[PDB]
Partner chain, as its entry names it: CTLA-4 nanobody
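Presented as structure tokens, the chain that follows is alone, the form deposited without its partner chain.
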């Protein structure tokens, strides 16, 4: 599977950034685990993760600072609570959890600029 996302996003004055993560090939019947990772000058750290299905389309309910809805071939992500120090590259990881066989893909990352 191939994962794509926009190259850059400017966060709002309220520290909110939204962007889509798309994967392919896709079917409406897929079950997918989506993780958002952050990269700065070093390792990629996990920000939030959720699992979506055909029926379970509203994700990240257990993270106050991530939201996401699953619509066909893409997840529409929103990250909140951002501060200037949070400027960095935000990568989508998409795992196809059902049906088998398993696949995992990484997006190229969306650079999020946050100005205080």
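Residue numbers count along the first chain shown, from 1. Residues that one form lacks are left out of the comparison. Between two forms, the rigid core is defined as the largest C-alpha subset superposing within 1.5 Å.
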Quick one: is residue 62 left out in at least a third of the other entries we compared? no
Answer yes if residue 43 is missing coordinates in at least a third of the other compared entries, and no if every one of them models it. yes
For the stretches 27 to 35 and 66 to 74, which has the higher mean C-alpha B-factor as given in the deposited record? 66 to 74
So which stretch wins on mean C-alpha B-factor, 18 to 26 or 5 to 13? 5 to 13
By its CA B factor, does residue 58 count among the lowest, middle or highest third of the modelled residues in the chain? middle
Please rank the C-alpha B-factors of the chain's modelled residues and tell me whether residue 85 sits in the lowest, middle or highest third. highest
Relative to the other modelled residues in the chain, which third contains the C-alpha temperature factor of residue 91: lowest, middle or highest? lowest
Sorting the chain's modelled residues by C-alpha B-factor and splitting them into thirds places residue 44 in the highest
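A second form of this protein, the form solved in complex with its partner chain, is not displayed here; the remarks below concern that form.
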Applying a 4.5 Å heavy atom distance criterion, does residue 27 contact its partner chain in the bound PDB entry? yes
Can residue 53 be called a contact residue for its partner chain in the bound PDB entry at 4.5 Å between heavy atoms? yes
How about residue 90: is it within 4.5 Å of its partner chain in the bound PDB entry, going by heavy atoms? no
Is residue 83 one of the residues whose C-alpha moves 2 Å or more between the shown form and the other one after the core fit? no
Quick one: core overlaid, is residue 57 moving 2 Å or more at the Cα between the shown form and the other one? no
Quick check on residue 29: with the core superposed, does its CA move 2 angstroms or more between the shown form and the other one? yes
Residue 106 and residue 29: their C-alpha distance differs by 3 angstroms or more in the bound PDB entry. Do they come closer or move farther apart compared with the shown form? closer
Would one find the Cα atoms of residue 29 and residue 96 closer or farther in the bound PDB entry than in this form, where their distance changes by 3 Å or more? closer
At 2 Å or more of Cα shift, core superposed, where are the runs of at least three residues that differ between the shown form and the other one? 27 to 30, 40 to 42
